[PDB]
């Protein structure tokens, strides 16, 4: 049994030791330390040799690893500075699959055109609207950002519609997001690195946002394009079924959390699971449900020892990356 004792600053300011001793601190600090162990286990197994097919069918030529890591995050996380932390993960090819919402895709792309700014939660809606300043928490995203996005996007959508009509090509969210990653051609973009490293980005509700607004506007031109979500479901589910092992790292809740968990039901559950969300169990929401709820469904395995950290991900994810993904890249070099 582990004795409760925090870090003693009489020993000096050692961040690595401080965060190790989160294990003996208790409450969510202990969950932080358990989450570091779970992710380091995923990253370790992922570098091991394994039996069978070393290729995955989607995308074409995607290599398989001992452990398939599914990374899920909400749109607000991309809107915040956590985007740089997620980009680092995808850039260094440390995750195999992404699930995010329309917001998670567009804000990442829009940031390559124009920045977002620190505001406050208590700014008045009518005053902000008069000035075309959109509020996401304490973050300002000027509406000119979206105007620039429209200018950038329509020519790409014209090409996509042409490829649909001429080549009988069936667009899915993941195929479209792969394309927008290739087009943005920016080493600061998560979507760019996902395209480069053949990490598919699935977004069943991709119409729910600016990309939606543009697709809607684009349709008047010549009828528009079609986005099939059934094919994309085949892709994510098959990836899980064909995996040697799976880990899930879910930041936030909503569709992203359920989709990744559902895909892992197809293989009778994930082997490793970290949740980093602020949701609560009392309302009966999937968002606030505990990892042990997912075990009842068979979406997380019984031998797995899932960890959930109840915290804002902007506070804890950058520190998780410091202790896991970043340490792993530093060790390899």
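Residue numbers count along the first chain shown, from 1.
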property: Between 151-159 and 120-128 (mean CA B-factor, as deposited), the higher; result: 120-128
property: Which of 299-307 and 272-280 has higher mean CA B factor, as the PDB entry lists it; result: 299-307
property: Selection from 217, 88, 202, 73 [criterion: highest C-alpha temperature factor in the record]; result: 217
property: Criterion, highest CA B-factor; candidates, 261, 237, 246, 167; result: 167
property: Lowest, middle or highest third - CA B-factor, residue 27; result: middle
property: Where the record places residue 285 (Cα B-factor, split into thirds across the chain); result: middle
property: CA B-factor placement of residue 140, once the chain's modelled residues are sorted into thirds; result: highest
property: Cα B factor band for residue 293 (lowest, middle or highest third within the chain); result: lowest
property: Ranked C-alpha temperature factor of residue 171 among modelled chain residues, by third; result: middle
